[PDB]
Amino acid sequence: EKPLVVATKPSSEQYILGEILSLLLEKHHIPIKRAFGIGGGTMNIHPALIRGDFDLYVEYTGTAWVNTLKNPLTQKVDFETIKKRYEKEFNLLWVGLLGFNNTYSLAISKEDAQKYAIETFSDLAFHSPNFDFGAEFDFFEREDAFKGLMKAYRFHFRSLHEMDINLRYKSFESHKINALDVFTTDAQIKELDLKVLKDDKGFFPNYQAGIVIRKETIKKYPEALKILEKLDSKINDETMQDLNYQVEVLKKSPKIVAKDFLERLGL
């Protein structure tokens, strides 16, 4: 007899997710131990999960694809393959998908999107001489980001600006830039009321969030599977943006954010 251990990676989004899992199981009288903010993320969570010292966490499909399964991000992330390999090689179950994808995208103002009819990356590339683009230094470094985006879409931005990751949204507000990279769950999408564009050629890989849990734990706690499945498809990108906004902008604790979310779902 030992409480089920919910692990998370160090990010604020991950603390919210860990509290959603923990509070939901606690509501059903299943004892929980929180192991939040594990340095190194998956590479240190995964060995503990296989050894039974963690029981569950929220993983992103593309992260499992590249880090645990050693597959290339230039090949489309395949959920069915992930689920099968996780069961067979690791005795781990993906419960399902929460409903959101946390990956790179590109954003502009809603006014500029309406002015130029911009909905997709290809639209932004078509109109890119009217845009000054900004991103963090790392985004300009390898083929997985800006360099590859240029090979896929033929952008001709009027200017390019690299800066500290924490200055992008501020630089957009000042008009130093008028297009930038975002992550699709960023609180700042809601805060700044940004238009997030569609990656029509599928350049950026998929990082769909889902609960990974030991099959041994589901065998011993069959009700845990039924309970956790109630979260399937309940958190789309806009919902995750809002929960992140509550923590990062409204300064609400991840635990309270998670509690209020579960209550809104009737769980």
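Residue positions are given as counts along the sequence shown, with the first one as 1.
Taking only the CA atoms, which stretch has the higher mean B-factor in the record, 181 to 189 or 146 to 154?
Looking at the record's C-alpha B-factors, the answer is 146 to 154.
Hey, which bit's got the bigger mean C-alpha B factor in the entry, 227 to 235 or 45 to 53?
Per the PDB record, 45 to 53.
Of the choices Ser122, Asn102, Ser174, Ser159, which one's C-alpha carries the largest B-factor in the record?
Highest CA B-factor of the listed options: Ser174.
Given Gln114, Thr81, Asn71, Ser128, identify the residue with the highest C-alpha B factor in the PDB entry.
Comparing C-alpha B-factors across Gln114, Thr81, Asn71, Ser128, the top value belongs to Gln114.
How does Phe140 rank on Cα B-factor within its chain, lowest, middle or highest third?
Highest third - that is where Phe140 ends up once the chain's C-alpha B-factors are sorted.
By its CA B factor, does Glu216 count among the lowest, middle or highest third of the modelled residues in the chain?
According to the entry, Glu216 has a C-alpha B-factor in the chain's highest third.
Which third, lowest, middle or highest, does the CA B-factor of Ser12 fall in along this chain?
For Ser12, whose C-alpha B-factor we compare with every modelled residue in the chain, the answer is the middle third.
Going by what the PDB entry lists, where does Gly62 fall on CA B-factor within its chain: lowest, middle or highest third?
CA B-factor rank for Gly62: lowest third.
Considering only modelled residues of the same chain, in which third does the CA B-factor of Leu262 rank: lowest, middle or highest?
For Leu262, the deposited C-alpha B-factor lands in the middle third.
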